[PDB]
Amino acid sequence: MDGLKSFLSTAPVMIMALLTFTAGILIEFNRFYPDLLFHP
Amino acid sequence: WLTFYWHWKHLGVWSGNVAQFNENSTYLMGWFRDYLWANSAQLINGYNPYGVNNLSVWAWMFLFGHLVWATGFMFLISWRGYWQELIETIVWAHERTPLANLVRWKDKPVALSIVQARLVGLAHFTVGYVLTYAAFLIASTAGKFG
Amino acid sequence: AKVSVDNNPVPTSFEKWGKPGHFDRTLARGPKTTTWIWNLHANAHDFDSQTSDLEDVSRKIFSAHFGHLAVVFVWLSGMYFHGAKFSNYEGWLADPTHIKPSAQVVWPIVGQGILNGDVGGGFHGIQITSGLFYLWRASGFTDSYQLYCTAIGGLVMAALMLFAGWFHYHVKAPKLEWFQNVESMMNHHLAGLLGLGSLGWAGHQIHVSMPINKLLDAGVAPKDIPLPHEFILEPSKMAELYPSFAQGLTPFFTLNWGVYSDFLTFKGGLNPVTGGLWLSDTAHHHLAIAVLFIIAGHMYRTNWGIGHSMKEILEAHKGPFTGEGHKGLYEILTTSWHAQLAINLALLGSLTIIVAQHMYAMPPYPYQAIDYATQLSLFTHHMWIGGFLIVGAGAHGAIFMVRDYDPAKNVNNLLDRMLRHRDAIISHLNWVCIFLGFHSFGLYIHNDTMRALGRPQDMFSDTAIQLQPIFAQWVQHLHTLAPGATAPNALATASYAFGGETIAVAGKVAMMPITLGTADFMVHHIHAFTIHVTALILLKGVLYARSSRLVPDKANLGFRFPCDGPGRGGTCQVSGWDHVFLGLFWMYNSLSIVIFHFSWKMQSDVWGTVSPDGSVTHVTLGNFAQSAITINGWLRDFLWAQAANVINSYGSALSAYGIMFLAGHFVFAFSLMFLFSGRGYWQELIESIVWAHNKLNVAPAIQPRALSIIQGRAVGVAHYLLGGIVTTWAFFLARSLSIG
Amino acid sequence: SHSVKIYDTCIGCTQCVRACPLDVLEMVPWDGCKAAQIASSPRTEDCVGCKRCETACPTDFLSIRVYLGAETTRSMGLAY
Amino acid sequence: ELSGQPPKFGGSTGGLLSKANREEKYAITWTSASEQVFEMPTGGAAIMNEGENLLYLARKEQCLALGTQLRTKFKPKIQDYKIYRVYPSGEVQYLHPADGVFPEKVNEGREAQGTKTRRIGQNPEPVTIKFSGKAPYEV
Amino acid sequence: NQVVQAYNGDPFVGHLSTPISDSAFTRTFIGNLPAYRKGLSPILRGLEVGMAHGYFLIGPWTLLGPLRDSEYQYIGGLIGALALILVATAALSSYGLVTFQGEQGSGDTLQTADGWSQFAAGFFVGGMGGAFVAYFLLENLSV
Amino acid sequence: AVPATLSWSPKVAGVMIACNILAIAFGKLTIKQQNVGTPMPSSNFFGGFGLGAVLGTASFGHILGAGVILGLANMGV
Amino acid sequence: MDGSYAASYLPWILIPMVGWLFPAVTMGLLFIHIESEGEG
Ligand code: CLA
Ligand code: CLA
Ligand code: CLA
Ligand code: CLA
Ligand code: CLA
Ligand code: CLA
Ligand SMILES: CCCCCCCCCCCCCCCC(=O)OC[C@H](COP(=O)(O)OC[C@@H](O)CO)OC(=O)CCCCCCCCCCCCCCC
């Protein structure tokens, strides 16, 4: 529905979706490659 | 911040234990625990249920500064209208009381003004700040070295 | 039938989801400044201001309450699921005295797997302090499958609550007359909810909880104990455990109730094996209150002319000093939701305060008294909940006074008389607050100065000038003698706090007499001072919300306004909302002192370890009596001494608490940005920053604005309370988990 | 007492007079605006300084300005 | 001089103080078309009687608040109230409305007061008027 | 049987009649106090007030003061009472000097500069006498 | 020392009906709205009582009888 | 309260005046001055 699409596109939903995307990226990277103090 | 850094570094220098500051100042919990918590052991024991030593006056001034610092908060947070209405009620109480109506004020009691309230809160705040830090510093250094 | 509804009043559509701010006329137009955002999140759930029709407001309230019920159901189902899947409840059940409860497991990602400490039995996880394990053991839980089924049922109930809200608003909305059947509502909610709930719980306990707990306390392994339905299916086991069950239900209908004495007792005290209350005592208790509540029902006239009328009772209780008496209150409490909210919030907050103060003295759950962390956590948590609810009552009462109070319907009634001698009330209350604070806190400061000056014989202590609480000691003596003398059929005292023997389980004191001395006198009167001051602030907010000698028209200005202006010398913080904002801090202060007193007294005079000989060694020894009389004692022997476990928590499983401890000390300080400053400075700073962003042609269309004065105060108080409470929470949890 | 000044940018919307709770302001005939009326402050000794008139003024900057000055019993708005 | 039956009131602690008999008080009088309940600015509700009324208050702001309530919160709008200042000696000074026409609407014969012939941005700099007992707006 | 009404039949004053403020017993008892009696000269008023306010002041500092467990106990109580009475007399004199400046209305003899001066002097004398008589009563084996 | 209770006997019955009868006597002279709502067939056998009034007075009689029986069993007879 | 410095009797009399006599006299004089109506 158009109203549902408009609600999903509001500021809090976008900000939280982007934050979870970034957090998932960082968490997965830190899981598969932890303890990166510098480019060795 | 300046005085905390200077004092902790010089405590390490004078005691010869520079490594403690060197490895504990990189994180804030070391500041909280190794500097504040550790160096208050002798200050707050100036007067005990057991007796009194020469640091008793400094402990009293330490608590005194904490108290004045706290007191400034209510000139800084609570504002005028509340106290104005409270003083209105007190004025009613005085004017309606027998044997106290024989005594009357010359200047009508009012609450402190906004700018005066900010100034008084800042004054109590600064006095408490200075007294608390001075008491803590003197007591800690005197107990450690003096 | 008194049911009256309207069919499909509001269509179910998604369009309004795409237009935030639809409820408000001032916000649905579209944002021009950032304030439009903050208003949107602030005026959302204020249905009274949105519309003038009372019926629509009531419908919205009904469905919103359905929504909160659904949320609470989801929370309960989550608790049960996380106790069923990620907990050692089955392990703890076999060895309750050697395994710490734990129901939260932490993923190892960035080293937080260190939080998964060793809780015993080979299980690694976060220790819980809610006491859910003891509640589940008392409820008869023995397997994780039952907990999983409970979680599934909770999720189903949450979905049903959501559907109920949708149906009873968007489809079949009740009429206003339906909501105002206060007699019918009170009857159904006293007899059908409290009485029926108590009867159902008594039935569950008698037919499920007592047999399982009796077998568990004897020494039977959890897996050997029969499943709860097997007791009902084969009553031979029930008759074996309790002989009177062989008699069946015949004595109940013939009033030969005494035969049921074996499983319906009046023992009183604590169960030696578990340290909790006897389940037979609880069974007769909940049965008795069920009977009492069902009898308390059938009291208000609903449909058959047989019953009392609330309006008649209210208008009949009037006297000489009170003019019209309780007249017009029925119309107040049947036309304004805010007055009902105020009364219910005050009573409920006091109720949770009573819960906190009574659940620790007579611990109802098995193995709860010996888990000091759970005791402290439960006490403090429900204490804070009660304080917040009381402040909310003080707020929403002023809201009612500003909005729903009408002078036409209140002439010479109790409300008007209250509004007439409000100056006398406030003046006398202010005087009593000053007197209490002066004399009590001056006893404290006087003791401090006497100790600092080397004159301990001039202090206010048990060795020095006594100041003994003779009345509290007398009532403790009376309650200690009550079994046999004034309650002949009781076997032991209501609690061992008043007096008696020392009940200790697993070499840990569960409950021993709590002696009151000079320090207890001082602290209890300090509590009285703080409570009277908070009451003074909230009462001044409620009474003076309409007007005052300074501003005679505050009612027209609204309930939430920052000031009237810099005139009249300065009129800052005159609204009722400002009185709530000021009372929040004093509630925090009073409750902090209360929880500090509870923690220190519990650690110093009750909790501890009992030797095989019988000697009791307390957590902090007997230092409360000789240290809690000076502020220096409170600072050194309570904060500095007991904060060691939270400052030395780094590198261990408790490290999180330590982190959170510092977190609190941060946010509190952060709040001082908003409380100490004003918005013009920030507006000018935002002007400069807006110029900066404009130079690069990146200025936002939604013009940024500094927070409003009211918003600034609200943000300051919120972050302040959050920081302080989080600090206290971390400190208490670390200390209580580090004292065995 | 406080001072109240009205500048020549007034448009004669009379909002300031309506907003004043102590009847300090007045509407007098004028010619500089389309409404041909301007605000005035004859009874300025009763002003308390609540700035409601300033809040009510819709011009780009307030065509009515209040400068707080000497404080009397009336200015403090005291009832005792 | 000042005539009118006082409204029936039970008495409250929010009323006058010694200032009334020492400095001044204020009086508000109005004609009521029916005996009906209104709200005291000092706290409480009182009934006002058919015909003349007369009420003594401590501040002009309270009198004008009562006048606003009379003008707004009654369908038979009461537009005839009069506010006087009563001195301890006995002098009564007519305050509101000044000329009998409400200040909200423009009436001829009034005199402009406090009106400046410039805009707010044209005020003189303080440094040009310092060491004189004047302020930029005073000039 | 309405017992609470307006203050002297005036609803619009900041007060209302109560069985505590406008009771017949209350008015009779408060009007017969030394400060409110009829026909008393101001110096006699001061004598009567000071006698009581100095007699009762001996109490504290005797069972509570620094010297409360020795033979210098009643002496300390007496000295503290005398010093408090002296400070009270100084405060009374300053209030009389400040309040009554110039215009001396003769409606009340107490509310007058010379009347207040006599009241302060009588208060000092009465406080001395009351404190000393209380000391004499509370002492044992006096010279 | 559990309180003594009485097994069912004709005496306990007689107490029950006595309490119910006196509760009827009380209800006839106290209830403001004696007949409101659902009535019962063949009136004037119940003193002009509706269903609600009858159930209320019967329940009150049962409560009185339970209290009296338990109290009397606590003492003698 | 007892000292071994030269002229140890001075604080026995100087401190009370600085403690009581001087503050009280100053309080009285300032209170009279700030409250003296008229003449400025
Ligand atoms: C002639 C008939 C008769 C007789 C001989 C008795 C005799 C007895 N009844 Mg009894 N009773 C009767 C009729 C009778 N009852 C009726 C008609 C009812 C129904 C209303 C009851 C309901 C009843 C209850 C509910 C209880 C008794 C109990 C008792 C026994 C102890 C009473 C006592 O002195 O201890 C009590 C003496 C005291 C001094 C204690 C009073 C202090 C209380 C706690 C004050 C509480 C204040 C209250 C909560 C606040 C008011 C609420 C508000 C609505 C005003 C005693 C054997 C008690 C029992 O079984 O004991 C084992 C008991 O709990 N009776
Ligand atoms: C009060 C309720 C409550 C709370 C606080 C928790 C808390 C927790 N649960 Mg839990 N749980 C609950 C109820 C609850 N549960 C219920 C009712 C069930 C039954 C269905 C479960 C079933 C459950 C399982 C099966 C597991 C947990 C786990 C966990 C832990 C990891 C957190 C997590 O799952 O995030 C994980 C991270 C995310 C969910 C982030 C994903 C992105 C989110 C959803 C963003 C939301 C927006 C998204 C983009 C979708 C858009 C929606 C939009 C249209 C509105 C954490 C302690 C885990 C655990 O403890 O493992 C050891 C685990 O495995 N829970
Ligand atoms: C026996 C009848 C009965 C019962 C049990 C309730 C119960 C309740 N009413 Mg209620 N009510 C009733 C009759 C009843 N009402 C009548 C007749 C009226 C009209 C006069 C109202 C009008 C009314 C209003 C206007 C409001 C309530 C609200 C509430 C809830 C308050 C929240 C609470 O107590 O948390 C405790 C919560 C629980 C114990 C969870 C209960 C979950 C469901 C709903 C209970 C169903 C029980 C049912 C008998 C089936 C169980 C039997 C068997 C399966 C075991 C509560 C669930 C408030 C609300 O919105 O809540 C929805 C509210 O604002 N009531
Ligand atoms: C049964 C409980 C209850 C109910 C139904 C209401 C209902 C209402 N209240 Mg009320 N209130 C309550 C309890 C309750 N209140 C309590 C206990 C207090 C004392 C704190 C207050 C204080 C209060 C005030 C001061 C005001 C209301 C207002 C209102 C009205 C709606 C506006 C509103 O607050 O929504 C908007 C709600 C919010 C914007 C809350 C969001 C911000 C919260 C505080 C953050 C919480 C953070 C959380 C605790 C931790 C998060 C940590 C983070 C790191 C994630 C409405 C009538 C307002 C009004 O005037 O209505 C007429 C109003 O001004 N209430
Ligand atoms: C309210 C708090 C409080 C109280 C009750 C006390 C009490 C006491 N202090 Mg102390 N003190 C306090 C705060 C307090 N202190 C503070 C904050 C400080 C500064 C940090 C000090 C510093 C201090 C010193 C330095 C000394 C004391 C000493 C004393 C003792 C005797 C001297 C005294 O105060 O009484 C004497 C009496 C008065 C001061 C006047 C009391 C006024 C009366 C009692 C009011 C009564 C009102 C009346 C009942 C109304 C009746 C109405 C109607 C019936 C007519 C006494 C036990 C001395 C001592 O040696 O202790 C053993 C001492 O040397 N105090
Ligand atoms: C400003 C400088 C200063 C300060 C802070 C002190 C402080 C002190 N002196 Mg001291 N003194 C000073 C200068 C000062 N002295 C000088 C210059 C002399 C030589 C005349 C003395 C001679 C002196 C004696 C003989 C004694 C003290 C004593 C004391 C102690 C008791 C309190 C007191 O001063 O009252 C008593 C002391 C005086 C009144 C001395 C007069 C003050 C000097 C001469 C003038 C200072 C004026 C000052 C600048 C005003 C500033 C105004 C400002 C606050 C706005 C105290 C530690 C007493 C002591 O040892 O007690 C333990 C004591 O017996 N003083
Ligand atoms: C127990 C020891 C520790 C606590 C001691 C403290 C007691 C202090 C005061 C005595 C209570 C007297 C109540 C009688 C008073 C009483 O019962 O009034 C009842 C009376 C109403 O009488 P009527 O019969 O006209 O009332 C009809 C009513 O039913 C209304 O419809 O109300 C008044 O007279 C006004 C109330 C003045 C109240 C004065 C304010 C008192 C505030 C302080 C009370 C503090 C108690 C705190 C501790 C609970």
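Following Swiss-Prot, chain D shows residues 2-81, kept in their order.
In case you wondered, yes, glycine gets a Cβ from its N, Cα and C as well.
Now, the feature entries from Swiss-Prot:
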type: BINDING; residues: D:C11, D:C14, D:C17, D:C58; note: [4Fe-4S] cluster 1 binding site
type: BINDING; residues: D:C21, D:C48, D:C51, D:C54; note: [4Fe-4S] cluster 2 binding site
type: DOMAIN; residues: D:2-31; note: domain '4Fe-4S ferredoxin-type 1'
type: DOMAIN; residues: D:39-68; note: domain '4Fe-4S ferredoxin-type 2'
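Taking the features listed in Swiss-Prot, we show where each one sits on the structure.
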{"residue": "D:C11", "record": "[4Fe-4S] cluster 1 binding site", "Cβ neighbours (10 Å)": "24"}
{"residue": "D:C14", "record": "[4Fe-4S] cluster 1 binding site", "Cβ neighbours (10 Å)": "17"}
{"residue": "D:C17", "record": "[4Fe-4S] cluster 1 binding site", "Cβ neighbours (10 Å)": "25"}
{"residue": "D:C21", "record": "[4Fe-4S] cluster 2 binding site", "Cβ neighbours (10 Å)": "26"}
{"residue": "D:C48", "record": "[4Fe-4S] cluster 2 binding site", "Cβ neighbours (10 Å)": "25"}
{"residue": "D:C51", "record": "[4Fe-4S] cluster 2 binding site", "Cβ neighbours (10 Å)": "24"}
{"residue": "D:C54", "record": "[4Fe-4S] cluster 2 binding site", "Cβ neighbours (10 Å)": "26"}
{"residue": "D:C58", "record": "[4Fe-4S] cluster 1 binding site", "Cβ neighbours (10 Å)": "22"}
Contact set of the domain '4Fe-4S ferredoxin-type 1' (D:2-31) with the rest of its chain, CB cutoff 8 A exclusive, min separation 6+ beyond the ends, reads 37-51, 53-62, 64-71, 73, 75-76
Work out how many Å separate D:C11 ([4Fe-4S] cluster 1 binding site) and D:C54 ([4Fe-4S] cluster 2 binding site) at their Cα atoms, rounded off. 12
What are the DSSP helix/strand/coil residue counts across the domain '4Fe-4S ferredoxin-type 2' (D:39-68)? 8 helix, 7 strand, 15 coil
Which binding-site residues (D:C14, D:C17, D:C58) fall within 10 Å of D:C48 ([4Fe-4S] cluster 2 binding site) by Cα distance? none
Under the DSSP assignment, what numbers of helix, strand and coil residues are found in the domain '4Fe-4S ferredoxin-type 1' (D:2-31)? 5 helix, 8 strand, 17 coil
Measure from the Cα of D:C14 ([4Fe-4S] cluster 1 binding site) to the Cα of every one of the binding-site residues D:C21, D:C51, D:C54, then give the nearest. D:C54
Express the distance between the Cα positions of D:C51 ([4Fe-4S] cluster 2 binding site) and D:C17 ([4Fe-4S] cluster 1 binding site) as a whole number of Å. 12
Distance [Cα-Cα, Å, rounded] between D:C54 ([4Fe-4S] cluster 2 binding site) and D:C17 ([4Fe-4S] cluster 1 binding site): 4
Compute the C-alpha separation of D:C58 ([4Fe-4S] cluster 1 binding site) from D:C21 ([4Fe-4S] cluster 2 binding site), stating it in Å without decimals. 11
Using a Cβ cut-off of under 8 Å to chain C, which of the binding-site residues D:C14, D:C17, D:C51, D:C58 qualify? D:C51
Within the same chain, and leaving aside D:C11, D:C14, D:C17, D:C58, name every residue whose CB is within 8 angstroms of the centroid of the CB atoms belonging to the recorded [4Fe-4S] cluster 1 site, in sequence order. D:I7, D:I12, D:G13, D:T15, D:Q16, D:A40, D:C54, D:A57, D:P59, D:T60, D:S64, D:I65
